[PDB]
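Undergrad: Sequence plus experimental coordinates follow:
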Amino acid sequence: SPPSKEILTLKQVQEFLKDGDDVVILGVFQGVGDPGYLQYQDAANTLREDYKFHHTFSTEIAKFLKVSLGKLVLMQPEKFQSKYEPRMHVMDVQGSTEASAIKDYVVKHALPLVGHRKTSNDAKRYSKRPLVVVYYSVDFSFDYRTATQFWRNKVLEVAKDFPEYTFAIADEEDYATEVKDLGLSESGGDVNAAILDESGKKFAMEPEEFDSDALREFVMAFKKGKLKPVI
């Protein structure tokens, strides 16, 4: 069946940005016979197990999104946006556009600078290494999202300086046994950090009052090969 699903209303797109937990991938095309749309559906079909795809032919939605027709638009939900990232990544797509280039752009741009690594998404989203993980109580509900973003903001400050590594926040309970195994379950701190490297080794951050500086030092020490792995 059709890999990409049609978006009928502006409210649908608003709900994705507000409620979503994953990259919003949107093909914006002139209509169902648009050669660019067909190339998009080819790309989407290939990636269908790993991402959800949407499309629209609405000039109303294109206007809202501030794009002309014939584009692939990737946006993150509000909870994953930041001062350092554009609200949209936009790629020109026409009949001549290779499906492999579409597929490449989606993979390239599907992760935010600091996303939420979950036991449900870590294989499909957080496979790239090195990966810097920041562990704490992650809760995007109305009552707890300010505090969650408080800490996410400290991570984003470091992440923007190390584009060569992937950074994510992770819930400490969700990853209880990963945290124990990192030797971090004892620590008296509400926030902890680890690095997973390309070889399969893991490095735990010396528990300290958590701030961007301390996180930046840990990543720098990692980069410089000054850390020893957990066993």
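TA: That came through, no problem. Residues are numbered from 1 along each chain as shown.

Undergrad: Determine the longest helix present in this protein.
TA: helix 145-159 (DSSP state H).

Undergrad: For that one, give me every contacting residue.
TA: 79, 82-84, 113-114, 132, 134, 136-140, 165, 167, 169, 191, 210-212, 215-216, 219 (C-beta atoms under 8 Å, 6 or more residues apart in numbering). For every residue, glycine as well, the C-beta is placed using N, CA and C.

Undergrad: which neighbours does the helix or strand following it have in its sheet, and in what orientation?
TA: Under the assignment DSSP states H and E, the closest C-terminal helix or strand after helix 145-159 is strand 166-171. Counting by DSSP bridges, the strands paired with strand 166-171 are strand 114-117 (parallel), strand 131-136 (parallel).

Undergrad: Using PDB, write out every CA atom in the longest helix of the chain.
TA: C-alpha atoms of helix 145-159 as PDB (Å, rounded to 0.1, in the frame of the first residue of the first chain):
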ATOM      1  CA  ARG A 145       8.400  19.500  30.500                       C
ATOM      2  CA  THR A 146       9.900  22.800  31.700                       C
ATOM      3  CA  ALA A 147      12.400  20.900  33.900                       C
ATOM      4  CA  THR A 148      13.000  18.300  31.100                       C
ATOM      5  CA  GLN A 149      13.800  21.200  28.700                       C
ATOM      6  CA  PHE A 150      16.000  22.900  31.400                       C
ATOM      7  CA  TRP A 151      18.300  19.900  31.300                       C
ATOM      8  CA  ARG A 152      18.000  19.400  27.500                       C
ATOM      9  CA  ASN A 153      19.100  23.000  27.100                       C
ATOM     10  CA  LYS A 154      22.400  22.200  28.800                       C
ATOM     11  CA  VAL A 155      23.000  19.300  26.500                       C
ATOM     12  CA  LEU A 156      22.200  21.400  23.400                       C
ATOM     13  CA  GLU A 157      24.900  23.900  24.400                       C
ATOM     14  CA  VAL A 158      27.500  21.200  24.000                       C
ATOM     15  CA  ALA A 159      25.900  19.300  21.200                       C
END
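
Undergrad: So which bits of that helix are buried?
TA: By neighbour count on 16 or more other C-beta atoms under 10 Å, the buried set for helix 145-159 is 148, 151, 152, 154, 155, 156, 157, 158, 159.

Undergrad: Go through these and name the one nearest residue 88.
TA: residue 156 (18.2 Å; C-beta to C-beta).

Undergrad: Name the SS class of the nearest residue to residue 221 once chain neighbours are set aside, please.
TA: Closest residue to residue 221 apart from its sequence neighbours, by C-beta to C-beta, 6 or more residues apart in numbering: residue 227 at 5.3 Å. When classified by DSSP: H, G, I helix; E, B strand; the rest coil, residue 227 comes out as coil.

Undergrad: Residue 227: how many residues sit nearby?
TA: 18 (other C-beta atoms under 10 Å).
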